[PDB]
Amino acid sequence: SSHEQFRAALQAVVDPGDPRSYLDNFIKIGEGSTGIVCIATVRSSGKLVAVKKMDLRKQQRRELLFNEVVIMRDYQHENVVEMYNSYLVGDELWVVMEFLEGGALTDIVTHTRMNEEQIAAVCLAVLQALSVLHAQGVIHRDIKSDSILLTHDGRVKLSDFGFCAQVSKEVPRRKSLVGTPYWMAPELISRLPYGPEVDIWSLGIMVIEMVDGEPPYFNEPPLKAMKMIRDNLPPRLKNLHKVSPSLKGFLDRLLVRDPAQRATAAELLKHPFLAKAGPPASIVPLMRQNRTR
């Protein structure tokens, strides 16, 4: 009933019709917090696309599903996953989007050791995406390795906008407790009204993923890790001796407890650490299909 009501709402904003009419060979390739991801073949072309399928009845905040169509309509960009169409299919929202065949950054940080050229490439690409989003008041709010996808040729794109929000003159700060515990900014855990700064903190934690292979406190259960992030000084690299002074200096601009003193995306784009960034090709050897070839 509220379900039926919500379906009818989603229909108002999505494309008409049914992509099963033009896609074949759905194969499940992963699951996130809002739904599953399949690849599919476009029948006419043989081209591959990704289809995110999000059940309207299995969301913590089902109104956040509108984030998909806000981003799709308004905030497309070369470092954001291309989103082609959205549909209401039975009790699910489907988004047909680009297939990022280089996979998620998670697989790389789990199995591989990135060098600083590679790390600098990912950070530069993400910061390009964030500078543009933040300038328009869009906060991603779930920055972590799982949200960073790669093309086959090593180009970096943000994905998983399901938890994003907008700030504006009339709504200058957000308050919602949103994100993934280990990556959450301390002001957000503290329930202080917050802005785009929270994404810069989360990026800092992703740098720690890239250097150490996991976020701080990853062995603690989530409710307990958030307490630690809230209460303690900024987390430290397990492997400080393994990072250049340039990278440590960069990281120290991200993991600042006071949001007003944290570097902004625009400022971070000028950091000397990012001069180390290799081209997309530098990332390609880390990918599953290449690293044991």
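Residue indices: 1-based, along the sequence shown.
Return whichever of 75-83 and 218-226 has the greater mean Cα B factor according to the PDB record.
Looking at the record's C-alpha B-factors, the answer is 218-226.
37-45 versus 234-242: which one carries the higher mean Cα B factor per the record?
Result of the comparison: 234-242.
If I read the C-alpha B-factors straight from the PDB entry, which of 157, 113, 140, 144 is highest?
When the deposited C-alpha B-factors of 157, 113, 140, 144 are compared, 113 is largest.
Split the chain's modelled residues into thirds by Cα B-factor; is residue 101 in the lowest, middle or highest one?
Tercile = middle for this residue's CA B-factor.
Can you work out whether the C-alpha temperature factor of residue 211 puts it in the lowest, middle or highest third of the chain?
As the PDB entry reports it, the C-alpha B-factor of residue 211 lands in the highest third of its chain.
Among the modelled residues of this chain, does the Cα B factor of residue 15 put it in the lowest, middle or highest third?
Middle third - that is where residue 15 ends up once the chain's C-alpha B-factors are sorted.
Based on the deposited C-alpha B factors for this chain, I'd like to know if residue 23 is in the lowest, middle or highest third.
Answer is lowest: the recorded C-alpha B-factor places it there.
Would the CA B-factor of residue 247 place it in the lowest, middle or highest third of its chain?
Within its chain, residue 247 is a highest-third residue by C-alpha B-factor, going by the deposited values.
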